[PDB]
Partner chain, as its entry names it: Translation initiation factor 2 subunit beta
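Only one chain is given next, in structure tokens, and it is the form solved without the partner chain.
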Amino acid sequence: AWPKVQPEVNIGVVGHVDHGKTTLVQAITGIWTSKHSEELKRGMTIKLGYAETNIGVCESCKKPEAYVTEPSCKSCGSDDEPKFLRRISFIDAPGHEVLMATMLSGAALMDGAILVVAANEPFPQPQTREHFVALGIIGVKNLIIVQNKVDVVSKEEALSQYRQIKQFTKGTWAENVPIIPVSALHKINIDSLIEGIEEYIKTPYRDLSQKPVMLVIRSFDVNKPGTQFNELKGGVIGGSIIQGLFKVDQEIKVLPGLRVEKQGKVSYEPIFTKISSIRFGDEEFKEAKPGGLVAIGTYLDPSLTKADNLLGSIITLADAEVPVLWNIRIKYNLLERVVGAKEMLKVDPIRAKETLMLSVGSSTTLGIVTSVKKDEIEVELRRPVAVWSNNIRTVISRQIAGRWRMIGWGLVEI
């Protein structure tokens, strides 16, 4: 039989609103991550979507139909059992132009990504643009482009967009990114996408010796498939492990942590706890590693782990030395253009005293610019951030025409 292991790789699913990201995830995994009624009433889904699947291959059958997402070779007409390859998970990021912060939060978790392009819309739409550039800034360059909704366009219409997409990727880091046509709604050519995932999003090397760090995704910020148990021993803290491994009973801390307000002054103090359980889906494990959304069961009271007063951005081992900073210095670069705007706009230079939005790990922090000198800015944050390394790239956004627009990036200097 197929083993029950954690997912070993996170694949983002990005692209413009209504291009079919959530449907594509369902096509691969059988899971519909969002709530249809809420998406109807709000006109968008604001939470990250999450789903997992096994990947196998029917060694008797031919490609790409030999690739399967279940332990059956029926789809290629064989009764042999498929060879298990790996378990993978998907981060379904929002496309709506007001949700760039949530996309950037999800992009911190991706080992690769799929950019979904609708074939019946003019390429490239503003968030096709903005998400593509965001992926390149952040370093998620194991990319597959998917031309979705081919069922509604002619052969000539798909070919014509295909040429637009090749012209767009030409002369960029994505110049050799494959372009796979599919219908997510009717599950057309999904096996070729699976074949592409195996070829172009190989599981990354994990140095399991590094200090364990998990980026936190608050439960109210993500839609995950249904759970059998909500852990009894205390509140659960979910997220994705970006380095090292965590083990049951290890002492850990949640950073920045709990808001404490005493004699006027405000601080965020670390919340120490201990790993009571480790879950992926509804499977229990003794350890957790990078790849997948893990549920870390603690002994904390659920009223703390779900509190808004808890600034839970990362989890580390209890003895890790992690600065928690209200003021940070960023070595920054700006984009030439505001790629995600509808109008053609140049990015203005960073002015002192303006408000910026900083994406660090999975967290989102507003800040004021106290100092601009050359290519370094100094920012006084509204809430501190936990800088777990000296190597951390933040993404910078500015409010433009009543939306948060990605305008550049930087290195957080400590």
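Take the two forms, find the largest set of C-alpha atoms that superpose within 1.5 Å, and that set is the rigid core. Numbering follows the first chain given and starts at 1.
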Exercise for the section: Could you check the entry and say whether 174 to 182 or 321 to 329 has the higher mean CA B-factor? Expected result: 321 to 329
Exercise for the section: Would you mind comparing 82 to 90 and 255 to 263 for me and telling me which has the higher average C-alpha temperature factor in the entry? Expected result: 255 to 263
Fill in the blank from the handout: Max C-alpha B-factor within the set 313, 228, 147, 189 falls on 228
Exercise for the section: Can you pull the Cα B-factors for 64, 361, 49, 43 from the entry and say which is highest? Expected result: 64
Problem - residue 308, C-alpha B-factor rank within chain (lowest, middle or highest third) - result: highest
Exercise for the section: Taking the values exactly as deposited, rank residue 397 by C-alpha B-factor within its chain and report the matching third: lowest, middle or highest. Expected result: lowest
Exercise for the section: Classify residue 10 as lowest, middle or highest third according to the C-alpha B-factor given in the PDB entry, relative to its own chain. Expected result: middle
Problem - B-factor third for the C-alpha atom of residue 206 within its chain - result: highest
Fill in the blank from the handout: Among the modelled residues of its chain, the C-alpha B-factor of residue 371 falls in the third labelled highest
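Same protein, other form: the form deposited with the partner chain bound, not shown, and the subject of what follows.
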Practice task
Heavy atoms, 4.5 Å, the partner chain in the deposited complex: which of 383 to 391, 363 to 371, 348 to 356, 35 to 43 makes the cut? Say which one.
Solution key: 35 to 43
Handout entry: the partner chain contact in the deposited complex: residue 84, any heavy atom under 4.5 Å
Key = no
Problem - Contact flag, residue 97 vs the partner chain in the deposited complex, heavy atom cut 4.5 Å - result: no
Handout entry: Distance check, residue 243 to the partner chain in the deposited complex, heavy atom within 4.5 Å
Key = no
Handout entry: the partner chain contact in the deposited complex: residue 203, any heavy atom under 4.5 Å
Key = no
Handout entry: Partner-contacting position among 163, 342, 265, 74 - heavy atom within 4.5 Å of the partner chain in the deposited complex
Key = 163
Handout entry: the partner chain: the contacting residue among 124, 181, 292, 112 in the deposited complex [heavy atom, 4.5 Å]
Key = 181
Problem - Contact at 147, 176 and 186 by the partner chain in the deposited complex, all three, heavy atom at most 4.5 Å - result: yes
Practice task
Tell which of 387, 27, 66, 55, after superposing on the rigid core, has its C-alpha displaced by 2 Å or more between this form and the one not shown, please.
Solution key: 387
Exercise for the section: Return yes or no for residue 266: a CA shift of at least 2 Å between this form and the one not shown, with the rigid core superposed? Expected result: yes
Exercise for the section: State yes or no: after fitting on the rigid core, is the Cα displacement of residue 98 between this form and the one not shown at least 2 Å? Expected result: yes
Problem - Displaced residue check between this form and the one not shown: residue 232, CA, 2 Å or over, core reference - result: yes
Practice task
Since the Cα separation of residue 308 and residue 276 moves by 3 Å or more in the deposited complex, tell me which way: closer or farther than here.
Solution key: closer
Problem - Direction of the Cα shift between residue 224 and residue 8 in the deposited complex, where the change is 3 Å or more - result: farther
